[PDB]
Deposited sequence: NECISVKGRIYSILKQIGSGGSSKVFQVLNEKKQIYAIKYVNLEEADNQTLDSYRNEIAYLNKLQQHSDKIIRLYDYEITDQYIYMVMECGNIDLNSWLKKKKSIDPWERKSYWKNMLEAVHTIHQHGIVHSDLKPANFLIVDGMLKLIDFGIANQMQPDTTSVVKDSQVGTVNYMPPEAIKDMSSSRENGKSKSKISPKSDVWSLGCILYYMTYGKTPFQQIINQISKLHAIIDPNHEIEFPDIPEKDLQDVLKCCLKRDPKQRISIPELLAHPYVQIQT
């Protein structure tokens, strides 16, 4: 429960939120006992390829401020040769942990969270960023809304269930549509489209191979069932885009 100093301001560690691959996230308090979330990154083992990934992520996160409130608020940051300190907004819970704990999600709650997800991905697309690795863990519940925490530029610490078929064949902004579709599918049927296929090798084949029909059981919300069919199209040309999804009846009609 040590102390942290960022750009002259002192912060006391309250509790550690999480840890993963030379990185750590802590609950901190300023002199006025106001809460913040500080991300600490250890750079002693990272090479120039990994270093440029963190630098690019920090730059885009700082630029995305005031552009949208669907991106985590970054108040200040400190970068040295040894470490990175990022003073951010403190949230309630990540979407991945919240989805696993929830028994059944409300239809209005599913719609409101989908809208937030579309608007955050649209904002990063407008600034030329393509996430390519979207999963619920990249989203945080804060101030009664969902906010994107990372843009997938830097290597961080589920599995291959949200991977688009284009990325598997590559050995496009439409890639983020498939990943978002898998999150909404989980919010609709309680499972991912390829969660039943336990074998990782057999799972990767099922995503890319055509004729392997993805089940879409009938639900009262006919517009919601349509979004999933449009989002989970193996062909990126036939797949719906983010600006088209923002005008879909599911997000615009009551």
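Undergrad: Give me the ranges of the deposited sequence that have no CA atoms here, in sequence order.
TA: Unmodelled stretches, in sequence order: 158-170, 185-197, 281.
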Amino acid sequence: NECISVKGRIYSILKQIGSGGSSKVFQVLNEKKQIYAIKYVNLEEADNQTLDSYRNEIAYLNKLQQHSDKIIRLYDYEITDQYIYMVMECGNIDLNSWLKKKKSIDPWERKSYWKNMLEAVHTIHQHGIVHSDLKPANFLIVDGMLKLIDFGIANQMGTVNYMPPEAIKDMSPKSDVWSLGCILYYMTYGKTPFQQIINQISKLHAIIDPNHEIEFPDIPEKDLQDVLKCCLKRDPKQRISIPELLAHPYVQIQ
From here on, numbers count along this sequence of modelled residues.
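In this text, the rigid core denotes the largest set of C-alpha atoms whose superposition between the two forms falls within 1.5 Å.
Undergrad: Determine, for 172-180 and 141-149, which one has C-alphas that on average lie farther from this form in 7 other deposited structures of this protein; superpose on the rigid core first.
TA: Once the core is superposed, the stretch further away in 7 other deposited structures of this protein is 141-149.
Undergrad: Say the other structures are aligned on the rigid core; which stretch then has the higher CA RMS in 7 other deposited structures of this protein, 238-246 or 14-22?
TA: Higher root mean square deviation of C-alphas in 7 other deposited structures of this protein is shown by 14-22.
Undergrad: Please report whether at least a third of the other compared entries leave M157 without coordinates.
TA: Other entries vs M157: at least a third skip it.
Undergrad: Where do the C-alpha atoms have the higher mean temperature factor in this entry, in 86-94 or in 99-107?
TA: For C-alpha atoms only, the mean B-factor is higher in 99-107.
Undergrad: Mean C-alpha B-factor higher for 160-168, or for 180-188?
TA: Higher mean C-alpha B-factor in the PDB entry: 160-168.
Undergrad: Of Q49, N30, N56, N42, which one's C-alpha B factor is largest in the deposited record?
TA: Spelled out: the listed residue with the top C-alpha B-factor is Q49.
Undergrad: From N155, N138, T80, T123, which pick has the Cα B-factor that tops the rest in the entry?
TA: Of the options given, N155 has the highest CA B-factor in the PDB entry.
Undergrad: Place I4 in the lowest, middle or highest third of its chain's C-alpha B-factors, as listed in the PDB entry.
TA: Tercile = highest for this residue's CA B-factor.
Undergrad: Sorting the chain's CA B-factors, does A37 end up in the lowest, middle or highest third?
TA: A37: CA B-factor falls in the lowest third of its chain.
Undergrad: Where does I214 sit by CA temperature factor within its chain: lowest, middle or highest third?
TA: Ranked within chain, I214 CA B lands in the highest tercile.
Undergrad: Name the third of the chain's ranked CA B-factors that contains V227, choosing lowest, middle or highest.
TA: As the PDB entry reports it, the C-alpha B-factor of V227 lands in the middle third of its chain.
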